[PDB]
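To keep things clear, I will list the structure first and then write my remarks on it.
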Ligand SMILES: CC(C)(C)C(=O)CSc1ncc2ccc3ccccc3c2n1
């Protein structure tokens, strides 16, 4: 049922239904969760098992996700530093969460935007398109190449 896609051995991508499989998350040694929605609950919050961060974003043609990139990168590095996995999820098409993942692959693994997309698309086959998010990833790639971010 639940597919917590490992983009990297410690970085996982999923949707709303994936984020509710508590046993798999604990078996995968996940200790950090990034919820990239305004309206979904922080699943399992009252159990005190994970560190949470909500990026309150919608899946629209006007939503600004670039503003949250640097905040999400620090949370991922914090999980990376202590040997724990991080799950980033949103909803069915994983448009929002896949944008943050690709951006991290561009920033921390030095993948190009295109190669990062093919990397994620190969492991997570169902990704809904968002031209607004594609444009932001393109602007982010140029800023990386110009050493501006
Ligand atoms: C941004 C987000 C991850 C939410 C998506 O929009 C995925 S959907 C899609 N569909 C057709 C494409 C064709 C070329 C391409 C080059 C670079 C990056 C993405 C694409 C591409 N992306």
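Residue numbers (the entry's author numbering): 319 to 467. C-beta: ideal position from N, C-alpha, C; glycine also.
Could you tell me if residue 415 is buried or exposed, where buried requires 16 or more neighbouring beta carbons within 10 angstroms of its beta carbon?
-> buried
Less than 9 angstroms separating the beta-carbons of residue 354 and residue 406?
-> yes
Flag residue 443 as yes when its Cβ comes closer than 8 angstroms to any non-hydrogen atom of ligand 1, and as no otherwise.
-> no
Please report the Cβ distance between residue 456 and residue 424, rounded to the nearest whole angstrom; I am assuming they are in contact, meaning their Cβ atoms lie under 8 angstroms.
-> With a beta-carbon spacing of about 10 angstroms, residue 456 and residue 424 fall beyond the 8 angstroms limit used to define contacts.
To the nearest angstrom, how far is it from the Cα of residue 401 to the Cα of residue 334?
-> 24 angstroms
May I ask you to report which of helix, strand or coil DSSP gives residue 436?
-> Looking at residue 436 - three-state DSSP - the assignment turns out to be helix.
Using three-state DSSP, classify residue 362 as helix, strand or coil.
-> coil
Closest to residue 428 by CA distance: which of 373, 444, 345 and 460 is it?
-> 460
Spatial neighbours of residue 387 in its chain, beta-carbon cut-off 6 angstroms, leaving aside the 5 residues before and after = 421
When the Cα atoms are used, what is the spatial distance from residue 331 to residue 454?
-> Near 19 angstroms, if we compare the C-alpha coordinates of residue 454 and residue 331.
Please confirm whether any heavy atom of ligand 3 lies closer than 8 angstroms to the CB of residue 363.
-> In terms of ligand content, the structure shown lacks ligand 3 and carries ligand 1 instead.
Compute every distance between the C-beta of residue 451 and the non-hydrogen atoms of ligand 1, then say whether any falls below 8 angstroms.
-> yes
Mind checking whether the beta-carbon of residue 420 lies closer than 8 angstroms to any heavy atom of ligand 1?
-> yes
Residue 371 in three-state terms, based on DSSP | strand
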